[PDB]
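A.B. asks: Residue numbers (the authors' numbering), protein chains in the order written: chain E, 16 to 34, 37 to 67, 69 to 125, 127 to 130, 132 to 183, 184A, 184 to 187, 188A, 188 to 204, 209 to 217, 219 to 220, 221A, 221 to 245; chain I, 1 to 58.
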Ligand SMILES: [Ca+2]
Ligand SMILES: [Ca+2]
Ligand code: NA
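#1: Once you ignore the five residues that flank residue 11 of chain I on each side, which residues in its own chain have a CB closer than 8 Å to its CB?
#2: Taking residue 168 of chain E as the query, report the chain I residues whose CB atoms sit under 9 Å from its CB, ordered along the chain.
#3: I'd like to check one pair, residue 195 of chain E with residue 42 of chain E: are the Cβ atoms closer than 8 Å?
#4: Return the CA-CA distance between residue 116 of chain E and residue 49 of chain E, expressed in angstroms with no decimal places.
#5: For residue 235 of chain E, does the three-state DSSP call read helix, strand or coil?
#6: Taking the beta strand (DSSP E) that residue 229 of chain E belongs to, which residues open and close that run?
#7: So, does the CB of residue 193 of chain E fall closer than 8 Å to a CB anywhere in chain I?
#8: Round the Cβ separation of residue 45 of chain E and residue 53 of chain E to the nearest angstrom and send it over; I've been treating them as touching at under 8 Å.
#9: Nearest CA to the CA of residue 20 of chain E: which residue from E/30, E/138 and E/223?
#10: Note down, in chain order, every chain I residue with its Cβ under 8 Å from the Cβ of residue 58 of chain E.
#11: Name the chain I residues whose beta carbon is nearer than 9 Å to that of residue 217 of chain E?
Right, dumping it as structure tokens:
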């Protein structure tokens, strides 16, 4: 997260870290046994880390649970990045508490201008490299599909949406993928891609979760 | 033809922080770099062994 702030220990209880020997992506807990992340975050031997703040130190509220299943959307396209969503089942059910909680799925899509919370342990620099120990947060608005398409000609599908600030300086970055974009208590987006990070006229692109609610519910129930 | 082993490492547009290997011609060895998760170029390997086997001595 570039241009954000320190969330505060466990203030984003649904945020999880995907670990494969190190943190490589984020995710969102939707129930005690399921996590929503990005399709490009599919990797071997995933271990989901819940209740995390400082990802480099054991603080006492962590729950490390291996992925028992990793279901990438059947229509995911690794070239266009369309349908960039993946569902991860936890090998054992997570113990829910104030620091480990699920986030509700949306009932309807969010309108342009709606303020949302984006979080993750990704790069905090637009130019250069710096990865945080603790979870970072960013308040950013959903942008119009017209502005999103103008920013990324011929790249925005109906399953993507832009969020952020056109002037640059505030955005999600490498290491944030798969993480949440929560608006009014609903998971509206998944950190997906963009042209660099926090660049002027290049807002972050996110997977449009509201288009996948029925698929998410049915897929979880069939696994 | 152009040697793909001599191309600079490519992170790509996606926002994952996946550690991969690339052959660094200037240094003469396989080094680590951050791959974003999509649109990988060929000078991108999952292990140092894969990198050396494919680009060693380029
Ligand atoms: Ca920790
Ligand atoms: Ca290296
Ligand atoms: Na802390």
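Note that beta-carbon positions come from the ideal geometry of N, C-alpha and C, so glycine has one too.
C.D. replies: Let me lay it out:
#1: Here residue 11 of chain I refers to the residue found at position 11 when the second chain is read from its first residue. Closer than 8 Å at the Cβ level, and outside the excluded window around residue 11 of chain I, lie 33, 34, 35 and 36.
#2: As a first step, residue 168 of chain E is located in the first chain; it is residue number 148 there, counting from the start. The contact set of residue 168 of chain E on chain I, defined by CB atoms closer than 9 Å, is empty, because the minimum CB distance reaches about 14 Å.
#3: Translated into positions along the first chain, residue 42 of chain E becomes position 25. Translated into positions along the first chain, residue 195 of chain E becomes position 177. Yes, these two residues count as a Cβ contact at 8 Å.
#4: Locating residue 116 of chain E in the first chain gives position 98, where the first residue counts as 1. Locating residue 49 of chain E in the first chain gives position 32, where the first residue counts as 1. Those two C-alpha atoms are separated by around 13 Å.
#5: Locating residue 235 of chain E in the first chain gives position 213, where the first residue counts as 1. In the structure shown, the three-state DSSP call for residue 235 of chain E is helix.
#6: Residue numbering aside, residue 229 of chain E sits at position 207 when the first chain is read from its first letter. Start and end: 226-230.
#7: Indexing the first chain from 1 puts residue 193 of chain E at position 175. True, the Cβ-Cβ gap to chain I drops below 8 Å.
#8: The sequence position of residue 45 of chain E within the first chain is 28, counting from 1. The sequence position of residue 53 of chain E within the first chain is 36, counting from 1. Yes, residue 45 of chain E and residue 53 of chain E are in contact; Cβ-Cβ is about 5 Å, under 8 Å.
#9: Locating residue 20 of chain E in the first chain gives position 5, where the first residue counts as 1. Looking only at E/30, E/138 and E/223, the smallest Cα-Cα distance to residue 20 of chain E is reached by E/138.
#10: Mapped onto the first chain, residue 58 of chain E falls at position 41. By Cβ distance, chain I contributes 16 and 37.
#11: Start at 1 with the first residue of the first chain, and residue 217 of chain E comes out as number 195. Close partners of residue 217 of chain E in chain I (Cβ separation under 9 Å): 13.
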